[PDB]
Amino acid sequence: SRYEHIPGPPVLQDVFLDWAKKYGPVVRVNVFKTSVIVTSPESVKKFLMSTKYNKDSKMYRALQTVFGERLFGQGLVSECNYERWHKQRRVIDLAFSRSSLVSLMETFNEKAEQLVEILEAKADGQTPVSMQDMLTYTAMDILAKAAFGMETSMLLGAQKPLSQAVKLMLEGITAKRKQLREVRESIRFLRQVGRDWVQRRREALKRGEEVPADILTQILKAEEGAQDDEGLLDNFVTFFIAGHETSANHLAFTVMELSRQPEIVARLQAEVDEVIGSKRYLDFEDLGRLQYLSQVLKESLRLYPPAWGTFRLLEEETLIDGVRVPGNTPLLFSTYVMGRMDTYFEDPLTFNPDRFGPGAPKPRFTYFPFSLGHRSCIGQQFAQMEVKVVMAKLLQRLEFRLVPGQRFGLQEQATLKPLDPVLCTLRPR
């Protein structure tokens, strides 16, 4: 092989972790084609903080199409041509301005209040409750309203077919005749929903309804001269999926881990008590004052990044950390791997929020749960605000105990998520 000379072996992220440990900062692997996992901070900096390095489209191909069905296609995540990317990124950026996000505070509050009232009613310390499912309904209900102006009402038990579609498509990215059929139909369903909600927005505008400027406004604008709506739909599916799935799992992971950290939980309860009190509504400014909750969520992303990493195309032969890496090679970056290396993090398996305390030295290119550079998460602040609002309201009102038997392990599709449904029993504070 042109790759035989590179060090390497003569959940998949965990295998990568073991190999990076065993073999060093530049290791050859198999994802889908041969790629090279690069785990030095210097390398992270060089490749992610430069606009000379583009994503590798061959590696995103499994998000563009699934069993011949267009999924993310040429939307904002999976578009690897720089110009095309840059054009749509800059247009859609408008929906994530400071004042756009601040105005979502009402939506975040309402959906979080609804979740908490639903959980309070079950808080008999006996009824098992899937926090993964409940957090996913909350994130979807937030996204639909926030990004598209629609009310899915999943918290109320609506949109079960839609829930099913999502589940089946996620399984499909990582994979008979029958599962093949369930997958295709699901992807087509979600694009059909896209055509549905797009039609409504356009009717509204035509009939001159009040039209909140949101993410949907901006993805419409991005496509002013397209001959068809394929680009538009690509972005619909992208935001629909990216905008809830990882938020949901970040919340779920946080709740799962916190269930064996009672001292940390008591600290979080104290913080929430002291800043917001008994208030039902968190002000934008309150978010800033929840400093310890903010550290907890960061540490949760260190050990449990739902978006595990990214790929860049190495265009020409380059020496990386003493290793010759051939022209035309997918470079694999993983915040999951790096977060669990003792050479980057002291006692890496210890959940310690103090790593992110003010005055603690900041991780320097060893932690990137939203990636870094020009292709970093456009929804970073949106996600941070929403998960802070959900967590703060849970902590205000409820105590959680993981049902015994629930595992701490992971499953890996395209993203990482709890292996188990995070079944908990609950009591009011």
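The first residue of the sequence shown is number 1, and the count goes up from there. We call the rigid core the largest set of C-alpha positions that still match within 1.5 Å between the two forms.
Q: Between 322-330 and 203-211, which one shows the bigger average Cα displacement from this form in 9 other deposited structures of this protein once the rigid core is aligned?
A: Comparing 203-211 with 322-330, the one that moves more in 9 other deposited structures of this protein is 203-211.
Q: After a core fit, does 367-375 or 23-31 show the bigger CA gap to the shown form in 9 other deposited structures of this protein?
A: Checking 23-31 against 367-375 in 9 other deposited structures of this protein, I find the farther stretch is 23-31.
Q: Is there a break between residue 121 and residue 122, and how many deposited residues does it span: none, 1 to 3, 4 to 9, or 10 or more?
A: In the record, the chain runs straight from residue 121 to residue 122 with none unmodelled.
Q: For the step residue 32 to residue 33, what size class fits the number of deposited residues with no coordinates, none, 1 to 3, 4 to 9, or 10 or more?
A: Missing residues, residue 32 to residue 33: 1 to 3.
Q: Between 246-254 and 228-236, name whichever shows the higher mean Cα B factor according to the PDB entry.
A: Per the PDB record, 228-236.
Q: Between 140-148 and 202-210, point out the one with the higher average CA B-factor as the PDB entry records it.
A: Averaged over C-alpha atoms, the B-factors run higher in 202-210.
Q: For the listed residues 260, 267, 302, 176, which one has the largest C-alpha B-factor as given in the deposited model?
A: Of the candidates given, the C-alpha B-factor peaks at 176.
Q: Take the CA temperature factors straight from the PDB entry and tell me which of 354, 117, 133, 196 peaks.
A: So the option with the highest C-alpha B-factor is 196.
Q: Quick one: classify residue 401 as lowest, middle or highest third of the chain based on its Cα B-factor.
A: Ranked within chain, residue 401 CA B lands in the middle tercile.
Q: Check where residue 105 lands among this chain's C-alpha B-factors and tell me if it's the lowest, middle or highest third.
A: Tercile = middle for this residue's CA B-factor.
Q: Quick check on the deposited entry: does the C-alpha B-factor of residue 392 sit in the lowest, middle or highest third of its chain?
A: Answer is lowest: the recorded C-alpha B-factor places it there.
Q: In terms of the chain's CA B-factor thirds, is residue 294 lowest, middle or highest?
A: Lowest third - that is where residue 294 ends up once the chain's C-alpha B-factors are sorted.
Q: Considering every modelled residue of the chain and its Cα B-factor in the PDB entry, is residue 68 in the lowest, middle or highest third?
A: According to the entry, residue 68 has a C-alpha B-factor in the chain's highest third.
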